[PDB]
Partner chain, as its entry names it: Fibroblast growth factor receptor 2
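Next up is one chain by itself, shown in structure tokens, the form deposited without the partner chain.
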């Protein structure tokens, strides 16, 4: 293992909004396959269904389009039509409260899902433990 194993509570029964306390944006997977954030709670591309592939390993999928969140070889988040190795994330508890998501494929490099204060996603290499950009709270839809 490259990382700890404190897991968040909650489950995967219902879809969630992934709220980033850094700028208050919800993670959004656009139909074109781009990924960013928005503060508009009425957006139809922020409702995400998570599922556990293995304990602590999840897929994050848009319920509106069926796309899977994924992180590419250069660290950019994208929406994938089919599940692949870039779509698995290590879901962990952080600061005894938040949920963080580490790219399983690049877990040794500590590449997280993260949103900047301006709503743009962070590139894997620019994320790291300790940032506010990587802290999420799953909210009910």
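Numbering follows the first chain given and starts at 1.
Note that the form solved in complex with the partner chain isn't included here; everything after this is about it.
In the deposited bound form, the partner chain lies farther than 4.5 Å from every heavy atom of residue 73.
For residue 78, no non-hydrogen atom is located within 4.5 Å of the partner chain in the deposited bound form, even though that partner is not displayed. The shortest heavy atom separation between residue 116 and the partner chain in the deposited bound form is within 4.5 Å. Applying a 4.5 Å heavy atom cutoff to the partner chain in the deposited bound form picks out 41 as the lone residue from 40-54.
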